[PDB]
């Protein structure tokens, strides 16, 4: 099946700037389904677990302080090739390099010791699965129809 689920994190800079709604609307408008979502305040341990692949990098500590600065909104998006699609929508890691039209391209620029880039998106199906597990329990993910779902059925 082409249907995939990816993990998205609306980072502290987006939350503080009041951009939660604008970001969610971009996914809803794209046709992606929100099967899970909640506002939480990530602590060091969970943050270092999510960003485990960067534990041995110079900017690690700044990243942890950044992602745990204020509450974030974690959510699981479901849809056709959702992982690559959401990555494309996010834009280049450093927002100054992100193309106009992408989330980072339109909303990000300024940075602290960490490259503040509005949101996080799983880079692969493998990462998505591992990441979704860290933030969501099966009981927090739902199966339900979005308005136009019936339109895409294959007779």
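Positions refer to the first chain, counted from 1.
If you average the C-alpha B-factors over 26-34 and over 44-52, the higher value belongs to 44-52.
Comparing 8-16 with 129-137, the stretch with the higher mean C-alpha B-factor in the PDB entry is 129-137. Sort the modelled residues of the chain by CA B factor and residue 60 lands in the highest third.
Per the PDB record, residue ranking by Cα B-factor puts residue 102 in the lowest third of the chain.
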